[PDB]
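Note sheet for the following structure.
There are 2 protein chains.
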Amino acid sequence: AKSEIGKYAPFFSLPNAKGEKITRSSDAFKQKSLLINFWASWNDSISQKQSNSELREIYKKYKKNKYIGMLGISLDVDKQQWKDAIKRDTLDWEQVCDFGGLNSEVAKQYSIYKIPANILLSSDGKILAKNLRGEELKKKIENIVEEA
Amino acid sequence: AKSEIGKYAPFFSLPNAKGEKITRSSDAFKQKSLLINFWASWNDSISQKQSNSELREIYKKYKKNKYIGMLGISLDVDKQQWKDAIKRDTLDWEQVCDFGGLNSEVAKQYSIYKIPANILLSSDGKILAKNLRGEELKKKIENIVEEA
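Structure (structure tokens):
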């Protein structure tokens, strides 16, 4: 219930590849809406590949945008496997992982029942949508950008 | 934690495809050691393909053995996807799933940090081994069914 649409996002604070803790209020994301994608290198499935294709297109279009940010949260347990995937899969938006895996607190807090998954937050942290894909995702991001 | 080697396995009761509730003491498993494997149909990974091959060979060899049984626990949320994988991959040992997904009771009770995963229990329910693969898996099952 804590991650249902319209609720405020549960807190997280998770380390990036350099070990810096990132939150929804880190400088890259403050005052922006935030698209958070969940994945793991141990699930390089067709669905994950599709999500990645879609997310690479969003990042390419919106990487230097005032209104929208992107964060990848991995459920990997192995740091080298995680970093290797970031490189191979060109996951060039910010990436975090605490190596807890399915036992990672963030996975429980966000009630992740499968991966890939995603969640979209307003700049005030409100949960706008979950598990958006395809044209619907495209349109929601376009709308956020238009709302300025 | 509750799933360390030497501890009694956490309780579970999960429905098979026909809706029968299966536990470690169900008729097929009573007084046998039990190999439980955790998976999901959506986890189309190399580890999952290799795991399925390994498990199919254990099943082929030991399906009528009086000292070992096998149980697949899926972390699927979609029943048709689950059943379709069972058929495609001939997962013909007992299969259960309650559609709760990654954050459900049994995944948390067993501290599953990624899938695929497995656990081996003695006939009294104590945890003997975790995440057995390859020749190590074969040798452990051989050792389990050996008569004194």
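These protein sequence lines map, in sequence, to chains A and B.
Counting in the deposited numbering, the first sequence runs from 213 upward without gaps.
Counting in the deposited numbering, the second sequence runs from 213 upward without gaps.
The beta-carbon is built from N, C-alpha and C at its ideal position, and this holds for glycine as well.
With distances taken Cα to Cα, identify the nearest neighbour of residue i among the options.
i, options, result
"A/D256", "B/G284, B/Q307, B/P328, B/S335", "B/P328"
"A/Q307", "A/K342, A/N249, A/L314", "A/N249"
"A/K219", "A/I356, A/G231, A/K351, A/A341", "A/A341"
"B/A252", "B/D336, B/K350, B/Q293, B/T302", "B/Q293"
"B/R300", "B/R268, B/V318, B/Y322, B/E359", "B/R268"
Just the Cα atoms here: how many angstroms apart are residue i and residue j?
i, j, result
"A/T235", "B/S259", "32 Å"
"B/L247", "A/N264", "35 Å"
"A/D239", "A/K276", "14 Å"
"B/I339", "B/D290", "29 Å"
"B/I331", "B/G346", "14 Å"
"B/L314", "A/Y274", "31 Å"
"B/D296", "B/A229", "11 Å"
"A/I217", "B/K326", "27 Å"
"B/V318", "A/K320", "14 Å"
"A/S316", "B/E359", "42 Å"
"B/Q262", "B/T302", "14 Å"
"A/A213", "A/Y322", "9 Å"
"A/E354", "A/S215", "23 Å"
"A/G312", "B/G312", "20 Å"
On the premise that residue j lies in contact with residue i, defined as a C-beta separation below 8 Å, what is that separation, rounded to the nearest angstrom?
i, j, result
"A/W254", "A/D310", "About 15 Å; that fails the 8 Å criterion."
"A/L283", "A/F223", "14 Å between Cβ atoms; not a contact."
"A/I285", "A/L226", "7 Å"
"residue 197 of chain A", "A/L349", "Here chain A comprises residues numbered 213 to 360, so residue 197 of chain A is not present and cannot be evaluated."
Excluding sequence positions up to five away, which residues of its chain have a Cβ less than 7 Å from the Cβ of residue i?
i, result
"A/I324", "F250"
"A/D304", "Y271"
"B/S245", "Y279, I280, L332, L333, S334, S335, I356"
"B/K352", "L332, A341, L344"
Just to confirm my understanding: we take residue i, look at its own chain, exclude 5 residues before and 5 after, and list those with CB closer than 8 Å. What are they?
i, result
"A/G337", "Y220, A221, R236"
For the ligand HEM, is there any heavy atom lying closer than 7 Å to the beta carbon of residue i?
i, result
"B/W254", "In the structure shown, the ligand HEM is absent, as is every other ligand, since no ligand is present at all."
Spatial neighbours of residue i within its chain, please: CB distance less than 6 Å, with the 5 preceding and 5 following residues excluded, ordered by chain position.
i, result
"A/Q243", "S335"
Of all Cβ atoms in chain C, is any one closer than 8 Å to the Cβ of residue i?
i, result
"B/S259", "Included in the structure are the protein chains A and B, with no chain C among them."
For this session: Using a Cβ-Cβ cut-off of less than 7 Å, list which residues of the segment 313-326 of chain B approach chain A; keep chain order.
Result: Hits within the stretch, in order: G313, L314, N315, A319, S323, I324, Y325, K326.
Problem set entry | chain B contacts made by the segment 245-256 of chain A, where a contact means CB separation under 8 Å | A252, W254, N255, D256
Problem set entry | Contact list for the segment 266-296 of chain B against chain A, Cβ threshold 7 Å | Correct list: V289.
Exercise. For the segment 233-244 of chain A, which residues have a CB atom closer than 7 Å to at least one CB atom of chain B, in sequence order?
Worked result: From the segment 233-244 of chain A, no residue has a Cβ closer than 7 Å to chain B.
Exercise. Using Cβ-Cβ distances below 9 Å, what residues of the segment 213-235 of chain A are close to chain B?
Worked result: Answer set for the segment 213-235 of chain A: empty.
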